[PDB]
Amino acid sequence: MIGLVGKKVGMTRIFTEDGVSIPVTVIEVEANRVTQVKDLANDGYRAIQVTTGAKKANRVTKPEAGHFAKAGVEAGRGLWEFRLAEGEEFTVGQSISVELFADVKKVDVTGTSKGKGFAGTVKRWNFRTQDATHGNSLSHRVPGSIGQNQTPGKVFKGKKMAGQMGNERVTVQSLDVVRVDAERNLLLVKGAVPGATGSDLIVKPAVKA
Amino acid sequence: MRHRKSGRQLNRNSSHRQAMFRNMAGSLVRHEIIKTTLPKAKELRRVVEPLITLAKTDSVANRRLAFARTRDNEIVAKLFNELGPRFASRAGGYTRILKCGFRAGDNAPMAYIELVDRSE
Amino acid sequence: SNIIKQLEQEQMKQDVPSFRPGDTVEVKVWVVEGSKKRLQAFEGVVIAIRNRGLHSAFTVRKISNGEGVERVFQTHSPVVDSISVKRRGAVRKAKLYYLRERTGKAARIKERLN
Amino acid sequence: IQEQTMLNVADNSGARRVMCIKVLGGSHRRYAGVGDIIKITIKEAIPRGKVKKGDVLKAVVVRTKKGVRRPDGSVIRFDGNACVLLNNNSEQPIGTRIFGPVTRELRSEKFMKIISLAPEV
Amino acid sequence: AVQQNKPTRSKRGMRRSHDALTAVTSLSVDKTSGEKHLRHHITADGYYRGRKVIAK
RNA sequence: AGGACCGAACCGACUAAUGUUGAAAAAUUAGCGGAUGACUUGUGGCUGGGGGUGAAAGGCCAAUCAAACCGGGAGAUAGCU
RNA sequence: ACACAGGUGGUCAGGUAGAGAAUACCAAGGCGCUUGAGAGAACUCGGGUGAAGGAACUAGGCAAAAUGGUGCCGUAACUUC
RNA sequence: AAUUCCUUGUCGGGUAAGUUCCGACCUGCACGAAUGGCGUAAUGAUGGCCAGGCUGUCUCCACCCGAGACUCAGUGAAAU
RNA sequence: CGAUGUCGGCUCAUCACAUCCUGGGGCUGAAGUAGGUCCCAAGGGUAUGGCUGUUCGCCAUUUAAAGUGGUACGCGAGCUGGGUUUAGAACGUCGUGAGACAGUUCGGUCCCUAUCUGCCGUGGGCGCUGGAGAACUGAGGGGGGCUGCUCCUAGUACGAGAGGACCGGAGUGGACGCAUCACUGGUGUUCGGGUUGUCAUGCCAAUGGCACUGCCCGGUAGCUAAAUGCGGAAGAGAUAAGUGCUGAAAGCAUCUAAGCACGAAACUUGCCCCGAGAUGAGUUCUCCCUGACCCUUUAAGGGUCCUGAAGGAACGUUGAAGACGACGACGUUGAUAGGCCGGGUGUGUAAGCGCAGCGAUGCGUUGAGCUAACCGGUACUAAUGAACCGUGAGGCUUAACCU
């Protein structure tokens, strides 16, 4: 089915009667307002652009204002597109969004992962540090060999070396949907979704399930 | 890494940072306007403003706490006598930072940090 | 935020007793071995922490037979059913790790509104 | 628990200090301490115990300082690391009587005898 | 460490292509006194946005 | 009394780390060994190069030593580059 | 070679704690070591603290960690007593 | 054996596992009596081994504090 | 040889298939279980220790297995120096001796600030044809591709028994990768307390400086693993070995020659990420700019004034973003940081006073007082309105449409 956009508002535990302490991530999946639907004639793909949240309309640009003005002038924080296989959706917004996530049992969550800076090799990959004390002149966490002498004479394109980690899209699949609360627009999903609290999130029904 | 972390090191150890901000708070209380570098003024807000917030209520325990965090009895007397009533109505924001130009010896962002109800 | 922890306030148990660290408490924990469910008593000196919301816990140490067993108990968990305060201990710290690790160390009882 | 770990013995026939020479089960398994079976040498033994010094046989860890985590988040930590000695081929308890606390995590297969003999579960 | 061949004057200029200074491109004008100042800075005769704030 | 012990000044230099275009043409920092003796130190003096001096290492003789440094034979010679 | 982390003989020796010329803090006296301002990546250096296990590390317990004082008891093999 | 090539000699020990160690055997390639032989308390910044304790040596690293590294202003080299 | 560092180990790899495991088969002297041999198959995986310097080797114990080779017997401007490969010493042997040993033994200096290619990250400039603000298509590229144990079927098939199913399901783990910080922990020199020595604030009292944060005991945020979540799939297509159907050349025969069908962890997709500089520079939506003059060497072009738009950039407060750029929020129509208010937390009953005591000290006010980066609020402070850049209707060839 079509996914929805929510804002991550934190991690808690839910305590069942047996006492299993399910780690829930609550997501504020507010009502998603369609801004565009694409027909097969105009574009090759059939999809809905959706917006959520509020934007003040001081910071709304007039191109975005005209795009908002078509299909009902309500500014949101962003536009995200979900491709549809079969189901037809209007250009106006749906009233409640988590009602479609009521039936689904496992979900996939996409988010920008937290920025980890210029991570080293030991952090970025799981490199094993060399021995601390016996000798080891100034080479404790440095990358060791990166290539294999004259015959390659170069280091390959896929080489595991230090760089920026985080600030990247990562999807976690097959997360159990613990609770759907329509009134607060809240979706409680088992486990840990990517990103910091307050970051944007893409919630989709499970491709695996 | 630095996530949700307060505190500016300013390339000095914790004892020097504490001593430096004690002396800077004493100078700011004494003259009511000082010129510092801009991050120094910005953390000077964080040391100086709770002193006046403590100094709103005058008691022997509060004067002793202000003496603990300043070690200058003249500054304690000024905080609990001259200032304090002046900033009693003010709900925070006793400090105003006005950015000046750049220092001569090192190109450092310079600022004047001042008390808001300055007599001058 | 406020949208979170209203759910915590929904799940927090309202029957939690009040005890200082040092008190020798008894916790009755449900155990579901099969269809049958039975309460189990765990009594020992408290090394706890103040209520962090739904996420609250107590550590209790008992010498069962030659072995010092420490159990951390989730306060608002449904498995924790009843905590009885029993003996009250007067001690000058919140965390009693050093006092509990010593063998033959017995905390005093003081009843002076404390 | 880990390799080169000394453990006490709960059962009577197993004697005194024992050392984990191998963490059985797994290709590169580093640490195993809840209901896992570990290969054991006897580093020091009393003569009343049936087993003797320098003898290799299996064991099951019953008490761990790291402790088990219960489903609700409860952590039962037992002071001391303890094992119950088991035969190499049979994995059955040599000791007739188990001493000290045991956990409900050791409720599977041959460890039912261990929790049956041991007093506090 | 060392180079095997001398880098060229061309490659020197290409490296210094991105080493160039940036102009101010705007100066705010204070209402009370006509002097131009760096934006959010004191006017160097003692004025901020509309008022005299330092004696010097 | 002690070529006694522990240990500062003092004298030396056992391991490691940093340095290695260094702060330094052998140092710094943690630990180390002797420290009433065959100790250490100041000030002068004596021994001169196939010579000295050596609790002996081809050690030392001015950051130079299986033979110092300076000038001379000397533009030695070089079937080699 | 330097406004160089080295080397340089003697003399005086305050308080408190301390056996002490150790060391800690202070007197008197002298200084902050002639580049500074930020930010708080990897990595490097010098440190601090570590769950559980504890020499499995490694060529080797290298390094680190521990023990450490004064008083009273008590103390083995061997021995040139 | 500071010596034995074969050799990690053979046994017994210490470990789960011991070319090291310790103690015997003699089959001394190629010990042997001031070119000293055999022992020896004490002593050793000596060589080899085994324990107790202790710990980031390790499993497997994690966080923190300072000096650099990054940026900004000033001066401003090197090998090739 | 006017110099190409030598074994091993550590860290990090990549390729081949003469395949160790996992997959598919054929033959078996394959009843089952378990094997042997051969073919196809490189996607993933492929131990820890003792001895010794070791590659080796011997052993102890794992595992599904602990492959074989190439890569200067990979890898010293990555690390080590046990090894060899120096100068000291000693022993055995040879030589009269200096000395020697394809003998032994103890000891014995391993330097580089990265120009270029190469990678790993991250930017600037211009292009994509009027300028913008968005959302995407997917040409290509990368990541991921492992497996054990138990139970059902079933003690069934198979079997004289002993034993015991290459199908098909279910759980549960190991190693690996990714995210996260709700829990359990660690850290937490930026919180609280105890305490030794000394000095200071006149003194008592209360505090502060210094001694590794003086030593400690605890600890919020943040980060993190040892904590918890999640995943490597099922499919789909084309196939390899292989098994076939129909079927002649070769009235029989035959898996092949025309045809037809299955057949693998390999291939292509399916899962995730990048991605139009994809110069082949793509698509969709929206906003914005429609004034003159002079010269004029006409895809033509210049100069001048007027007007500068959509938007961007600069500046400032900043961020769970960051080496710097970059990116994200907010800028008085304002909650973007600091402060303030209330809470939460953490530490553990502050100072002061009174009481008991000879005093140390205790008890009461008192779960007090302090409290961090946290939560909810609040314009008290700083986020000033300018200004800057960006234009004025967008080139030539074949279409409806009406002139």
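Residues numbered from 1 in each chain as written, not as in the entry; some residues may be left out. Chains lettered and ligands numbered in written order. Part of a larger assembly, values for the part shown. Heavy atoms only, no water.

- What the deposited record gives as its method is cryo-EM, and the resolution it gives is 3.2 Å.

- The name given to chain B in the PDB entry is 50S ribosomal protein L17, and the organism recorded there is Escherichia coli.
- This entry's official PDB title is "Time-resolved cryo-EM study of the 70S recycling by the HflX:3rd Intermediate".
- Check the Sequence similarities (unreviewed entry) section of the UniProt entry for chain B; it says "Belongs to the bacterial ribosomal protein bL17 family." (UniProt positions renumbered as here; feature names shortened; annotations may be inferred.)

- Within the PDB entry, the label attached to chain A reads 50S ribosomal protein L3, and the organism entered is Escherichia coli.
- Quoted verbatim from the Function field of the UniProt record, the comment on chain A reads "One of two assembly initiator proteins, it binds directly near the 3'-end of the 23S rRNA, where it nucleates assembly of the 50S subunit."
- Recorded in UniProt for chain A, the comment headed Sequence similarities runs: "Belongs to the universal ribosomal protein uL3 family."

### A closer look at the pattern of salt bridges
- Tallied over the entire structure, the rule returns 29 salt bridges over all chains.
- Note that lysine 7 of chain A is salt-bridged to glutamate 28 of chain A, the shortest N-O span being 3.5 Å. Of this pair, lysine 7 of chain A sits in strand β1 (residues 4-14) while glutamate 28 of chain A sits in strand β2 (residues 22-28), and the two are 21 residues apart along the sequence.
- We classify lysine 7 of chain A as partly exposed; its relative accessible area is 24%.
- Note on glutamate 28 of chain A: relative accessible area 14%, which makes it buried.
- When the shortest N-O distance is used, the salt bridge between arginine 86 of chain B and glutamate 32 of chain B registers 3.0 Å. On the criterion of sequence distance, the pair formed by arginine 86 of chain B in the loop between α4 (73-82) and β2 (95-102) and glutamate 32 of chain B in the loop between α1 (14-31) and β1 (33-37) is long-range, its members being 54 residues apart.
- For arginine 86 of chain B, a relative accessible area of 27% corresponds to the partly exposed category.
- Each of the salt bridges in this network shares a partner with another, and the network as a whole consists of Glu32, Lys78, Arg86 and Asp117 of chain B. (Salt bridge = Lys/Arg side-chain N within 4 Å of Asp/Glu carboxyl O. Helix = DSSP H or I, 4+ residues; strand = E, 2+ residues; numbered from the N terminus. Buried < 20%, exposed > 50% of the residue type's maximum accessible area, 1.4 Å probe, protein only.)

### Concerning the arrangement of the chains
- Ranking the 5 pairs of chains in contact by contact count places chains C and D at the top.
- What separates chain B from chain C at the closest point of their C-alpha atoms is a distance of 16 Å, and the two make no contact.
- Across the gap from chain B to chain D, with no contact made, the nearest C-alpha atoms are 27 Å apart. (Contact = heavy atoms within 4.5 Å.)

### A closer look at the protein's contact with RNA strand H
- RNA strand H sits among 28 residues. The nearest are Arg141 of chain A, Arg17 of chain B, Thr41 and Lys53 of chain D together with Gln3 of chain E.
- Of all RNA strand H atoms lying within 4 Å of any protein atom, the proportion belonging to sugar or phosphate reaches 71%.
- The separation between a sugar or linking oxygen of RNA strand H and a polar side-chain atom of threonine 129 of chain A is 2.9 Å.
- A distance of 3.1 Å is found between a phosphate oxygen of RNA strand H and a side-chain nitrogen or oxygen belonging to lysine 5 of chain B.
- Broken down by class, the residue content of the surface near RNA strand H amounts to 7 nonpolar, 12 polar and 9 charged. (Near = heavy atom within 4 Å. Polar contact = N/O pair within 3.5 Å; in protein donor to acceptor, adjacent residues only side chain to side chain. Nonpolar A, V, L, I, M, F, W, Y, C, P; charged D, E, K, R; others polar.)

### A word on the side chain of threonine 35 of chain A
- Among the structural elements, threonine 35 of chain A can be located in strand β3 (residues 33-37).
- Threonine 35 of chain A has contacts with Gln49, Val50, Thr51, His67, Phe68, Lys70, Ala71, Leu79 and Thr91 of chain A, leaving out every residue within four places of it along the chain.

### Looking at the interface of chain D and chain C
- Facing the 17 residues of chain D at the interface are 18 residues of chain C.
- Roughly 1400 Å² of surface becomes buried between chain D and chain C when both sides are summed, with 40% attributable to carbon and sulfur atoms.
- On the surface where chain D and chain C come into contact, there are 5 salt bridges.
- In terms of residues, the side of chain D that touches chain C owes the most to one element, strand β6 (residues 75-78) of chain D, which gives 4 residues. (Buried area = accessible area lost by both parts, 1.4 Å probe.)

### Description of the protein's contact with RNA strand G
- Close contacts around RNA strand G come from 34 residues, with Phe118 and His134 of chain A together with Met6, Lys66 and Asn81 of chain D the closest.
- Here, RNA strand G places atoms within 4 Å of the protein, and 71% of those atoms are sugar or phosphate.
- At 2.7 Å from a phosphate oxygen of RNA strand G is found a main-chain nitrogen or oxygen belonging to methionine 6 of chain D.
- Of the residues assigned to the surface near RNA strand G, the class counts are 12 nonpolar, 12 polar and 10 charged.

### Here's the deal with the packing of α1 of chain B against helix α2 (residues 38-55) of chain B
All names here are of chain B.
- α2 packs onto α1 with a crossing angle of 70° between their chain directions and a minimal axis gap of 9 Å. By the criterion of interaxial angle, the relationship of α1 to α2 is roughly perpendicular. Here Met20, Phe21, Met24, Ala25 and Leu28 of α1 lie close against α2, whose contacting residues are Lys40, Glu43, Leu44, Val47, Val48 and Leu51.
- Of the residues contributing to the contact of α1 with α2, the split by class is 9 nonpolar, no polar and 2 charged. (Axes fitted to C-alpha atoms, helices over the stretch in contact; angles between N-to-C directions. Parallel < 35°, antiparallel > 145°, perpendicular 65-115°, else oblique.)

### Here's the deal with the side chain of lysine 13 of chain C
All names here are of chain C.
- Within the fold, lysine 13 resides in the loop between α1 (6-11) and β1 (24-32).
- In this structure the side chain of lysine 13 is engaged in a polar contact, spanning 2.3 Å, whose partner is the backbone oxygen of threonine 75.
- In this view, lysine 13 contacts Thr75, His76, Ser77 and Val80; residues no more than four positions away in its chain are not counted.

### Structural notes on a nonpolar patch on the surface
- Among the surface-exposed residues, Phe102 of chain B together with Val24, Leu27 and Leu38 of chain E lie close enough to one another that they form a single nonpolar patch of about 360 Å² accessible area.
- Counting through the fold element by element, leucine 27 of chain E comes out in the loop between α1 (9-15) and β1 (28-29).
- Relative accessible area serves as the criterion here: at 38%, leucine 27 of chain E is assigned to the partly exposed category. (Patch = residues over 30% accessible without salt bridge, like charges linked within 9 Å, V, L, I, M, F, W, Y side chains within 5 Å. Areas by Shrake-Rupley, 256 points an atom, 1.4 Å probe, with all protein chains shown as cover.)

### Side note on the sheet that holds strand β3 (residues 109-115) of chain B
Residues and elements named next belong to chain B.
- The strand order across the open sheet built from 3 strands is β1-β3-β2, with neighbouring strands paired in antiparallel fashion. Both outer strands of the open sheet, β1 and β2, are each paired with one neighbouring strand and no more. Going from strand to strand, the sheet's axes swing by 25° on average, the running direction of each strand aside.
- Two strands pair when backbone bridges link them, and β1 and β3 are joined in this way by 5 bridges, in the antiparallel orientation. Counted as the bridge partner of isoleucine 34 is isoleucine 113 from β3. (Pairing = 2+ DSSP bridges.)

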